[PDB]
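Peer 1: Have a look at the structure that comes next, please.
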Amino acid sequence: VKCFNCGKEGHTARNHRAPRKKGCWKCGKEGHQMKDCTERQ
Ligand SMILES: [Zn+2]
Ligand SMILES: [Zn+2]
């Protein structure tokens, strides 16, 4: 139930990640995620 410590069930109970999409949720890159991607923001 608790993902490592927070509590969300779909938050990977190991590193608390994978919130939405595997790429950058906007650029489609794997090197970085959605919080580490500018893409003309
Ligand atoms: Zn959580
Ligand atoms: Zn990106």
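Positions 7 to 47 (my numbering) are the ones given, in order, by the sequence shown. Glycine included, C-beta positions come from ideal geometry on N, C-alpha and C.
When you get a sec, list the residues whose CB is within less than 5 angstroms of any heavy atom of ligand 1, chain order please.
Peer 2: Chain-ordered list of matching residues: 9, 12, 14, 17.
Peer 1: Using alpha carbons as the reference points, say which of 24, 19, 10 lies closest to residue 36.
Peer 2: Residue 36 has its Cα closest to that of 24, out of 24, 19, 10.
Peer 1: Quick one: does the C-beta of residue 38 sit closer than 7 angstroms to a heavy atom of ligand 2?
Peer 2: yes
Peer 1: Within a Cβ cutoff of 8 angstroms, which residues of the same chain sit near residue 27, ignoring the five residues on either side of it in sequence?
Peer 2: 40
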